[PDB]
């Protein structure tokens, strides 16, 4: 269809592959349209690396000229992705580290050793649900039975979300992410999520436990305490991210491996590490499509192009993972043996780099082999290429994943 010099991101995710190719080819910096709102998108690996460390690009929505003019408001269906409370997510500079430190420390690989048994238990529980559900050769939704609930259980255990509240959170998130949710109802869901997590912080304040939320509340020894807004802001970021991204990584890793059986075999037979298959999945078909937004505090000259003060900059991570300069001409193929499998930046780069990356990697490294060892003849009951995305513009969110447990 006709040549346009603004690339409209289709909210129905009708053509993710085409849109992702279009972006790579239009880049590495190009003009996009997000439901009527213009922004720049970084689609190049090298330029993203550089801009993710540029101190003239900030998260603070008040640096967005469109926000300042009141051209964008809370009616924008994408607004909840950025206009959120003070947290590691919305801060830049020297104040940023303070908002990250207790979380990074809690999520180092060895601190995570103690969470391992827990993850194991939940993976086993849900494989048991799979077995029950796939009985008598029935078709089973791998997402709803397995991949969807696992990461919620895990992040909930970490942060101290009661078992009985986890369902309602999922109901809220589904509403939150879907473009289809009416905007007034989305804003109501956002207020309701905020109210929940506020009360959770109060509950942990009265009665702290061995959880990260309690550690955010009562920090080291001397330190300058986080404010209520900050504790709540981090909590929300950790849960939302911790759940939504991980569900995708599991589903795409499976889809990838089932659609490339020789590669599944490589890892089953211990010739390639499940971890490496995980990295390649992040590079190729990762959890984040577009990362909303950064803003220029002043004009940013890049050579033959300029990001004007006030402009919105999006990191188009999926397009970045398909960078042919970095990954070679076969960048669009899934190949776990490629030499650049782990050179991606799908968790980001610079100060805002994903703090939960070790946890994400561990959830997958446990879930995937457990899944395939338990159900070695697991296979799709629907062509993998026919698994549609949910209308979720920023996230690689698969709708459902019909399988059979197999022989």
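Numbering follows the first chain given and starts at 1.
Visitor: Look over 366-374 and 24-32 in the entry and identify the one with the greater average Cα temperature factor.
Guide: The stretch with the larger mean CA B-factor is 24-32.
Visitor: 352-360 versus 375-383: which one carries the higher mean Cα B factor per the record?
Guide: Per the deposited B-factors, the answer is 375-383.
Visitor: Looking at 119, 315, 264, 175, which has the biggest Cα B factor in the entry?
Guide: Highest C-alpha B-factor among the listed options: 264.
Visitor: Which is it among 152, 305, 190, 81: the one with the largest CA B-factor in the entry?
Guide: Largest recorded C-alpha B-factor: 305.
Visitor: Lowest, middle or highest third: where is residue 98 by C-alpha B factor in its chain?
Guide: It falls in the top third of the chain.
Visitor: Would you check the entry's CA temperature factor for residue 272 and let me know if it's in the chain's lowest, middle or highest third?
Guide: Within its chain, residue 272 is a highest-third residue by C-alpha B-factor, going by the deposited values.
Visitor: Compare the C-alpha B factor of residue 404 with those of the other modelled residues in its chain, then answer lowest, middle or highest third.
Guide: It belongs to the middle third of the chain when residues are ordered by C-alpha B-factor.
Visitor: Thinking about Cα B factors across the chain, which third does residue 229 belong to?
Guide: Within its chain, residue 229 is a middle-third residue by C-alpha B-factor, going by the deposited values.
Visitor: Among the chain's modelled residues, which third holds the C-alpha B-factor of residue 75?
Guide: It belongs to the middle third of the chain when residues are ordered by C-alpha B-factor.
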